[PDB]
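Visitor: What follows is data00.pdb; its format and atoms are PDB, C-alpha atoms (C1' of nucleotides).
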ATOM      1  CA  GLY H   1      48.396  72.316  -2.424
ATOM      2  CA  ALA H   2      50.638  74.238  -0.037
ATOM      3  CA  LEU H   3      49.070  74.206   3.414
ATOM      4  CA  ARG H   4      49.664  77.465   5.270
ATOM      5  CA  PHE H   5      48.849  78.166   8.918
ATOM      6  CA  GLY H   6      48.643  81.392  10.877
ATOM      7  CA  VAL H   7      49.487  81.709  14.566
ATOM      8  CA  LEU H   8      51.132  85.154  14.732
ATOM      9  CA  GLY H   9      47.663  86.723  14.606
ATOM     10  CA  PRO H  10      44.145  85.329  14.465
ATOM     11  CA  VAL H  11      44.282  81.539  14.177
ATOM     12  CA  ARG H  12      43.909  81.002  10.428
ATOM     13  CA  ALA H  13      44.567  78.233   7.944
ATOM     14  CA  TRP H  14      45.056  78.622   4.212
ATOM     15  CA  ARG H  15      45.101  76.365   1.185
ATOM     16  CA  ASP H  16      46.495  77.999  -1.992
ATOM     17  CA  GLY H  17      45.742  81.370  -0.389
ATOM     18  CA  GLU H  18      42.084  80.481   0.273
ATOM     19  CA  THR H  19      41.038  80.710   3.924
ATOM     20  CA  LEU H  20      39.716  77.517   5.533
ATOM     21  CA  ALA H  21      36.947  77.763   8.130
ATOM     22  CA  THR H  22      39.079  77.185  11.267
ATOM     23  CA  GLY H  23      35.976  76.926  13.464
ATOM     24  CA  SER H  24      35.327  77.688  17.122
ATOM     25  CA  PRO H  25      37.866  79.377  19.432
ATOM     26  CA  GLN H  26      38.195  76.076  21.301
ATOM     27  CA  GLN H  27      38.778  74.402  17.950
ATOM     28  CA  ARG H  28      41.279  77.184  17.272
ATOM     29  CA  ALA H  29      42.736  76.491  20.731
ATOM     30  CA  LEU H  30      43.182  72.798  19.867
ATOM     31  CA  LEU H  31      44.893  73.669  16.571
ATOM     32  CA  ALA H  32      47.158  76.281  18.192
ATOM     33  CA  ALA H  33      48.134  73.903  21.023
ATOM     34  CA  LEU H  34      49.342  71.366  18.426
ATOM     35  CA  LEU H  35      50.888  73.871  16.016
ATOM     36  CA  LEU H  36      52.989  75.530  18.737
ATOM     37  CA  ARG H  37      54.219  72.092  19.875
ATOM     38  CA  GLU H  38      56.001  71.586  16.493
ATOM     39  CA  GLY H  39      54.917  68.003  15.878
ATOM     40  CA  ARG H  40      55.320  66.750  19.445
ATOM     41  CA  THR H  41      52.398  64.601  20.546
ATOM     42  CA  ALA H  42      49.978  66.150  23.018
ATOM     43  CA  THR H  43      48.271  63.626  25.299
ATOM     44  CA  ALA H  44      44.519  63.896  25.932
ATOM     45  CA  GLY H  45      45.385  64.937  29.490
ATOM     46  CA  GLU H  46      47.535  67.844  28.308
ATOM     47  CA  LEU H  47      44.827  68.871  25.828
ATOM     48  CA  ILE H  48      42.133  69.125  28.518
ATOM     49  CA  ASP H  49      44.433  71.331  30.619
ATOM     50  CA  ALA H  50      45.298  73.436  27.553
ATOM     51  CA  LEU H  51      41.658  74.209  26.748
ATOM     52  CA  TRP H  52      40.090  74.680  30.171
ATOM     53  CA  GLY H  53      42.790  74.608  32.843
ATOM     54  CA  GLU H  54      41.650  73.650  36.325
ATOM     55  CA  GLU H  55      37.910  73.883  35.446
ATOM     56  CA  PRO H  56      37.127  71.360  32.673
ATOM     57  CA  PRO H  57      33.520  70.577  31.725
ATOM     58  CA  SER H  58      32.225  67.242  33.031
ATOM     59  CA  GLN H  59      32.278  65.803  29.465
ATOM     60  CA  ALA H  60      35.575  67.456  28.387
ATOM     61  CA  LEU H  61      37.021  64.223  26.936
ATOM     62  CA  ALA H  62      34.103  63.956  24.500
ATOM     63  CA  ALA H  63      34.492  67.650  23.612
ATOM     64  CA  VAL H  64      38.120  67.149  22.505
ATOM     65  CA  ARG H  65      36.982  64.259  20.287
ATOM     66  CA  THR H  66      34.199  66.428  18.839
ATOM     67  CA  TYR H  67      36.560  69.346  18.166
ATOM     68  CA  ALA H  68      39.207  67.079  16.612
ATOM     69  CA  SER H  69      36.591  65.431  14.359
ATOM     70  CA  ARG H  70      35.520  68.803  12.955
ATOM     71  CA  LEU H  71      39.130  69.776  12.160
ATOM     72  CA  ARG H  72      39.575  66.555  10.170
ATOM     73  CA  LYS H  73      36.684  67.689   7.958
ATOM     74  CA  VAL H  74      38.426  71.029   7.314
ATOM     75  CA  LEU H  75      42.040  69.864   7.117
ATOM     76  CA  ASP H  76      43.320  67.390   4.540
ATOM     77  CA  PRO H  77      43.591  63.692   5.512
ATOM     78  CA  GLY H  78      46.787  62.793   7.379
ATOM     79  CA  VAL H  79      48.008  66.138   8.773
ATOM     80  CA  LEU H  80      46.431  65.621  12.246
ATOM     81  CA  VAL H  81      47.445  62.104  13.244
ATOM     82  CA  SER H  82      46.241  60.282  16.342
ATOM     83  CA  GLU H  83      49.050  58.539  18.205
ATOM     84  CA  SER H  84      49.432  57.255  21.790
ATOM     85  CA  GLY H  85      45.964  58.435  22.732
ATOM     86  CA  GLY H  86      46.768  61.990  21.668
ATOM     87  CA  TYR H  87      47.124  64.176  18.578
ATOM     88  CA  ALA H  88      50.063  65.448  16.560
ATOM     89  CA  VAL H  89      50.520  67.554  13.443
ATOM     90  CA  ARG H  90      52.552  65.753  10.781
ATOM     91  CA  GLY H  91      53.441  66.173   7.133
ATOM     92  CA  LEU H  92      53.884  69.940   7.206
ATOM     93  CA  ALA H  93      56.206  71.551   4.670
ATOM     94  CA  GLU H  94      59.108  73.678   5.875
ATOM     95  CA  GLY H  95      57.978  77.205   6.693
ATOM     96  CA  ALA H  96      54.285  76.208   6.726
ATOM     97  CA  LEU H  97      54.050  77.873  10.142
ATOM     98  CA  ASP H  98      54.558  81.644  10.140
ATOM     99  CA  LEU H  99      56.215  81.284  13.556
ATOM    100  CA  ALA H 100      58.540  78.602  12.163
ATOM    101  CA  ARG H 101      59.279  80.641   9.017
ATOM    102  CA  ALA H 102      60.043  83.703  11.162
ATOM    103  CA  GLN H 103      62.337  81.645  13.432
ATOM    104  CA  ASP H 104      64.662  80.637  10.569
ATOM    105  CA  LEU H 105      64.955  84.277   9.449
ATOM    106  CA  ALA H 106      65.445  85.396  13.068
ATOM    107  CA  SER H 107      68.162  82.767  13.531
ATOM    108  CA  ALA H 108      69.592  83.896  10.186
ATOM    109  CA  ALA H 109      69.570  87.469  11.530
ATOM    110  CA  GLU H 110      71.929  86.278  14.269
ATOM    111  CA  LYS H 111      74.013  84.652  11.527
ATOM    112  CA  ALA H 112      73.665  87.832   9.413
ATOM    113  CA  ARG H 113      74.765  89.940  12.396
ATOM    114  CA  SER H 114      77.712  87.621  13.107
ATOM    115  CA  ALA H 115      78.943  87.910   9.513
ATOM    116  CA  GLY H 116      78.634  91.705   9.685
ATOM    117  CA  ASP H 117      76.034  92.026   6.905
ATOM    118  CA  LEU H 118      73.813  94.324   8.944
ATOM    119  CA  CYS H 119      71.873  95.410   5.836
ATOM    120  CA  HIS H 120      70.656  91.861   5.146
ATOM    121  CA  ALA H 121      69.848  91.502   8.858
ATOM    122  CA  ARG H 122      67.687  94.653   8.719
ATOM    123  CA  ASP H 123      65.620  93.411   5.752
ATOM    124  CA  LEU H 124      65.205  89.828   7.044
ATOM    125  CA  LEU H 125      64.143  90.966  10.520
ATOM    126  CA  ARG H 126      61.728  93.452   8.885
ATOM    127  CA  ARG H 127      59.968  90.595   7.047
ATOM    128  CA  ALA H 128      59.588  88.758  10.368
ATOM    129  CA  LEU H 129      57.841  91.636  12.164
ATOM    130  CA  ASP H 130      55.390  92.111   9.260
ATOM    131  CA  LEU H 131      54.211  88.523   9.884
ATOM    132  CA  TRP H 132      52.618  89.688  13.158
ATOM    133  CA  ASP H 133      48.991  90.219  12.092
ATOM    134  CA  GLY H 134      47.904  92.027  15.224
ATOM    135  CA  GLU H 135      47.392  90.467  18.639
ATOM    136  CA  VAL H 136      48.854  86.960  18.900
ATOM    137  CA  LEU H 137      46.249  84.205  19.515
ATOM    138  CA  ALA H 138      43.374  86.691  19.169
ATOM    139  CA  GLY H 139      40.115  85.514  20.731
ATOM    140  CA  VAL H 140      41.560  82.173  21.877
ATOM    141  CA  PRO H 141      40.666  81.336  25.512
ATOM    142  CA  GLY H 142      42.505  79.111  27.953
ATOM    143  CA  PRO H 143      45.635  79.078  30.125
ATOM    144  CA  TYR H 144      47.901  77.506  27.500
ATOM    145  CA  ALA H 145      46.754  80.049  24.922
ATOM    146  CA  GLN H 146      47.381  82.790  27.487
ATOM    147  CA  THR H 147      50.912  81.512  28.173
ATOM    148  CA  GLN H 148      51.743  81.341  24.472
ATOM    149  CA  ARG H 149      50.277  84.837  24.055
ATOM    150  CA  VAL H 150      52.633  85.963  26.852
ATOM    151  CA  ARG H 151      55.616  84.144  25.305
ATOM    152  CA  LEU H 152      55.230  85.535  21.774
ATOM    153  CA  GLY H 153      54.491  89.099  22.856
ATOM    154  CA  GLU H 154      57.703  89.090  24.884
ATOM    155  CA  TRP H 155      59.606  87.396  22.039
ATOM    156  CA  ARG H 156      58.415  90.048  19.557
ATOM    157  CA  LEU H 157      59.985  92.769  21.739
ATOM    158  CA  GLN H 158      63.362  90.989  21.683
ATOM    159  CA  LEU H 159      63.385  91.012  17.883
ATOM    160  CA  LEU H 160      62.374  94.697  17.807
ATOM    161  CA  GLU H 161      65.050  95.577  20.390
ATOM    162  CA  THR H 162      67.696  93.734  18.342
ATOM    163  CA  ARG H 163      66.634  95.416  15.072
ATOM    164  CA  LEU H 164      66.603  98.860  16.743
ATOM    165  CA  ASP H 165      70.220  98.414  17.894
ATOM    166  CA  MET H 166      71.241  98.040  14.235
ATOM    167  CA  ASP H 167      69.295 101.225  13.319
ATOM    168  CA  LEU H 168      71.313 103.296  15.792
ATOM    169  CA  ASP H 169      74.547 101.814  14.461
ATOM    170  CA  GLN H 170      73.580 102.629  10.846
ATOM    171  CA  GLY H 171      72.495 106.234  11.417
ATOM    172  CA  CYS H 172      68.706 105.812  10.982
ATOM    173  CA  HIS H 173      68.102 107.829  14.163
ATOM    174  CA  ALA H 174      65.328 110.153  12.985
ATOM    175  CA  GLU H 175      62.990 107.416  11.744
ATOM    176  CA  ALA H 176      63.566 105.212  14.831
ATOM    177  CA  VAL H 177      63.024 107.956  17.454
ATOM    178  CA  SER H 178      59.381 108.456  16.349
ATOM    179  CA  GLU H 179      58.455 104.761  16.610
ATOM    180  CA  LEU H 180      60.355 104.526  19.931
ATOM    181  CA  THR H 181      57.988 107.115  21.461
ATOM    182  CA  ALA H 182      55.096 104.694  20.886
ATOM    183  CA  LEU H 183      56.973 101.747  22.451
ATOM    184  CA  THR H 184      57.845 103.577  25.683
ATOM    185  CA  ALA H 185      54.253 104.793  25.934
ATOM    186  CA  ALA H 186      53.011 101.220  25.367
ATOM    187  CA  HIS H 187      55.636  99.607  27.647
ATOM    188  CA  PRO H 188      56.196 102.243  30.341
ATOM    189  CA  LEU H 189      58.218 100.028  32.684
ATOM    190  CA  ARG H 190      60.483  98.896  29.823
ATOM    191  CA  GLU H 191      63.631 100.904  30.518
ATOM    192  CA  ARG H 192      65.480  99.479  27.471
ATOM    193  CA  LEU H 193      63.223 101.344  25.023
ATOM    194  CA  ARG H 194      63.854 104.631  26.855
ATOM    195  CA  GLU H 195      67.616 103.961  26.744
ATOM    196  CA  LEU H 196      67.451 103.644  22.935
ATOM    197  CA  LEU H 197      65.125 106.674  22.767
ATOM    198  CA  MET H 198      67.500 108.774  24.911
ATOM    199  CA  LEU H 199      70.501 107.993  22.677
ATOM    200  CA  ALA H 200      68.566 108.576  19.420
ATOM    201  CA  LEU H 201      67.178 111.894  20.711
ATOM    202  CA  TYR H 202      70.677 113.117  21.667
ATOM    203  CA  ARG H 203      72.133 112.075  18.289
ATOM    204  CA  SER H 204      69.322 114.166  16.725
ATOM    205  CA  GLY H 205      70.829 117.169  18.575
ATOM    206  CA  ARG H 206      68.093 117.175  21.241
ATOM    207  CA  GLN H 207      70.516 116.751  24.163
ATOM    208  CA  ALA H 208      68.408 118.743  26.666
ATOM    209  CA  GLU H 209      65.343 116.612  25.906
ATOM    210  CA  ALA H 210      67.269 113.368  26.581
ATOM    211  CA  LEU H 211      67.817 114.412  30.220
ATOM    212  CA  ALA H 212      64.079 115.127  30.487
ATOM    213  CA  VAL H 213      63.466 111.474  29.526
ATOM    214  CA  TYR H 214      65.902 110.487  32.299
ATOM    215  CA  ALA H 215      64.049 112.592  34.883
ATOM    216  CA  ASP H 216      60.764 110.931  33.895
ATOM    217  CA  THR H 217      62.162 107.361  34.042
ATOM    218  CA  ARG H 218      63.607 107.696  37.593
ATOM    219  CA  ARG H 219      60.298 109.257  38.689
ATOM    220  CA  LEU H 220      58.196 106.365  37.322
ATOM    221  CA  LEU H 221      60.279 103.696  39.061
ATOM    222  CA  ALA H 222      60.423 105.594  42.378
ATOM    223  CA  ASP H 223      56.760 106.679  42.460
ATOM    224  CA  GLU H 224      55.125 103.503  41.189
ATOM    225  CA  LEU H 225      57.585 100.795  42.306
ATOM    226  CA  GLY H 226      60.259 102.389  44.524
ATOM    227  CA  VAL H 227      63.254 101.039  42.578
TER     228      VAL H 227
ATOM    229  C1'  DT K   1      82.104 -16.693  96.439
ATOM    230  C1'  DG K   2      86.299 -14.056  94.746
ATOM    231  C1'  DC K   3      89.118 -12.812  90.842
ATOM    232  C1'  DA K   4      89.772 -11.043  86.074
ATOM    233  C1'  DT K   5      88.397  -7.772  82.233
ATOM    234  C1'  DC K   6      86.563  -4.127  79.529
ATOM    235  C1'  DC K   7      83.764  -0.253  78.873
ATOM    236  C1'  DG K   8      82.277   4.354  79.583
ATOM    237  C1'  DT K   9      83.396   9.278  81.232
ATOM    238  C1'  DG K  10      86.108  13.555  81.933
ATOM    239  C1'  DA K  11      90.038  16.097  81.408
ATOM    240  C1'  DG K  12      90.376  25.692  81.619
ATOM    241  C1'  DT K  13      90.345  30.197  80.067
ATOM    242  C1'  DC K  14      89.454  33.752  76.563
ATOM    243  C1'  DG K  15      92.080  35.168  71.685
ATOM    244  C1'  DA K  16      93.150  33.228  65.565
ATOM    245  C1'  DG K  17      89.934  31.381  61.397
ATOM    246  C1'  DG K  18      86.208  29.227  55.946
ATOM    247  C1'  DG K  19      86.360  24.309  50.222
ATOM    248  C1'  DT K  20      87.293  17.916  51.075
ATOM    249  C1'  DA K  21      87.103  11.863  45.609
ATOM    250  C1'  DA K  22      85.725   8.495  40.891
ATOM    251  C1'  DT K  23      83.586   4.165  36.350
ATOM    252  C1'  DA K  24      80.209   0.037  29.590
ATOM    253  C1'  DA K  25      77.327   3.165  28.114
ATOM    254  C1'  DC K  26      73.315   3.692  25.321
ATOM    255  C1'  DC K  27      68.063   3.384  21.828
ATOM    256  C1'  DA K  28      63.879   3.244  22.763
ATOM    257  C1'  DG K  29      59.695   4.822  24.168
ATOM    258  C1'  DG K  30      57.047   8.093  26.096
ATOM    259  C1'  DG K  31      54.922  11.100  29.485
ATOM    260  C1'  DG K  32      54.396  16.017  31.138
ATOM    261  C1'  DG K  33      55.044  20.824  31.959
ATOM    262  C1'  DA K  34      57.074  25.137  29.716
ATOM    263  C1'  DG K  35      56.576  28.428  26.030
ATOM    264  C1'  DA K  36      53.884  29.940  21.106
ATOM    265  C1'  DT K  37      48.303  31.633  18.061
ATOM    266  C1'  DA K  38      42.524  32.880  17.479
ATOM    267  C1'  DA K  39      38.007  33.935  20.236
ATOM    268  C1'  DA K  40      35.026  36.145  23.783
ATOM    269  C1'  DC K  41      33.604  40.940  25.802
ATOM    270  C1'  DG K  42      33.642  46.002  26.936
ATOM    271  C1'  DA K  43      36.342  50.823  26.703
ATOM    272  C1'  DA K  44      39.200  54.647  23.650
ATOM    273  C1'  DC K  45      38.082  57.056  19.244
ATOM    274  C1'  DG K  46      35.532  58.350  15.441
ATOM    275  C1'  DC K  47      33.122  60.409  12.414
ATOM    276  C1'  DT K  48      28.413  60.251  12.527
ATOM    277  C1'  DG K  49      26.377  64.784  12.924
ATOM    278  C1'  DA K  50      22.302  65.137  15.313
ATOM    279  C1'  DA K  51      20.433  67.767  18.644
ATOM    280  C1'  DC K  52      20.545  71.679  21.609
ATOM    281  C1'  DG K  53      21.287  76.612  22.892
ATOM    282  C1'  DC K  54      25.062  81.197  22.663
ATOM    283  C1'  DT K  55      25.875  85.020  20.820
ATOM    284  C1'  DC K  56      25.293  88.144  16.221
ATOM    285  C1'  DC K  57      23.491  90.357  12.301
TER     286       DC K  57
END
Could you express the structure from this file as structure tokens?

Guide:
Amino acid sequence: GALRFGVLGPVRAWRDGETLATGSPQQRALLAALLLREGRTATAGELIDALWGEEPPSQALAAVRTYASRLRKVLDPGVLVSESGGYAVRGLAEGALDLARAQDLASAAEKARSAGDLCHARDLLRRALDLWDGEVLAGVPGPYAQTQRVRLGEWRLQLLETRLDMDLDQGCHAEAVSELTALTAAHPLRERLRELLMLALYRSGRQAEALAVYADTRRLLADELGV
DNA sequence: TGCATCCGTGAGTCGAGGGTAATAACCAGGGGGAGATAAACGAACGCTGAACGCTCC
């Protein structure tokens, strides 16, 4: 009877491991907009803006009602409550949201770091990153979905950057350098990944190659942005 | 006709500042406004999907 929800990838819902038919992208947008609010009520006004932004359909208010009605047929009675003219998600177990479950472990990683148990921090953070099932909010349209896509992609990088710092402190240089090459290729303006790559490369005895990374980074900022 | 009496009016200029008293007392009735609970409609939601199209195998 454990309800599970997925927001760190395609918008999915599970019951006892079985996938529920989460419906249209706009129905997925409605679910995501409530899930990422962590039980706070979303007014009908905020829900119209979340789904369509500045260009709502002329019958948008009826559409929200139609989408909400279909979710009630797929979700169990009482999770999606209607209060104050809006909708909220209630009665979720702890850790039912993959984002919420990852947040406790990520907060614990800060606690794990502060107690000095870097090994536990490495494993707990590792479990968090494996919860990312591809592109966040895949196939979900709308400005609110776009903003949350932006927020969680950026937030993912912060957890990777924090985990990678521990790798350099524990001597795992050779494994980390290879993955770091992909990150700087994927995030070319992200100087922090090249900083970690430069140090790891040098500690692998490739001192001459580290300065080549430096020459490339200054070039990219001067040629493309002038900074 | 004269004398005596009383009543009304006016009497500078600008400055400074706030409060005053006292004796049968009651049922009895009863009106009249000031605050407390169910009925008329239409508007949010609600599932009802049904009824249309929008992409996909």

Visitor: Do you have, as a tab-separated table, the list of residues of chain H lying at most 10 Å from chain K, each with its nearest atom pair and that distance in Å to one decimal, counting only C-alpha atoms (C1' of nucleotides) and ordered by chain then number?

Guide:
residue	atom	partner	partner_atom	distance
H:62	CA	K:45	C1'	9.5
H:65	CA	K:45	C1'	7.4
H:66	CA	K:46	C1'	8.9
H:68	CA	K:46	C1'	9.5
H:69	CA	K:47	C1'	6.4
H:70	CA	K:47	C1'	8.7
H:72	CA	K:47	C1'	9.2
H:73	CA	K:47	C1'	9.2
H:82	CA	K:45	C1'	9.2
H:85	CA	K:44	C1'	7.8

Visitor: Could you spell out the hits of the PyMOL selection byres ((chain H and resi 40) around 12) on the shown file, as JSON, numbers by chain?

Guide: {"H": [33, 34, 35, 36, 37, 38, 39, 41, 42, 43, 46, 80, 81, 82, 83, 84, 86, 87, 88, 89, 90]}

Visitor: Quick one: everything within 9 Å of segment 133-146 of chain H, counting only C-alpha atoms (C1' of nucleotides), minus sequence neighbours fewer than 6 positions away in the same chain. Send it as a PyMOL selection string.

Guide: chain H and resi 6-11+25-26+28-29+32-33+49-53+152-153

Visitor: In Å to one decimal, how far is atom CA of residue 22 of chain H from atom CA of residue 45 of chain H?

Guide: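 Going from atom CA of residue 45 of chain H over to atom CA of residue 22 of chain H covers 22.8 Å.
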
Visitor: Would you work out the distance separating atom CA of residue 61 of chain H from atom CA of residue 96 of chain H, expressed in Å to one decimal?

Guide: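 Interatomic distance, atom CA of residue 61 of chain H to atom CA of residue 96 of chain H: 29.2 Å.
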
Visitor: Any idea what the distance is between atom CA of residue 163 of chain H and atom CA of residue 193 of chain H?

Guide: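 Between these atoms lies a distance of 12.1 Å.
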
Visitor: Would you kindly translate the PyMOL selection byres ((chain H and resi 97) around 7) into the concrete residues it picks from this file, as a VMD selection string?

Guide: chain H and resid 4 to 6 95 to 96 98 to 101

Visitor: Which residues would end up in the selection if the PyMOL selection byres ((chain H and resi 180) around 10) were applied here, given that I need the answer as number ranges by chain?

Guide: H: 164, 175-179, 181-186, 193-198, 200

Visitor: Identify the residues around (72.0, 86.5, 13.3) within a radius of 12 Å, measuring from only C-alpha atoms (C1' of nucleotides) in the coordinates stated by the file, and give them as a PyMOL selection string.

Guide: chain H and resi 103-122+124-125+159+162-163+166
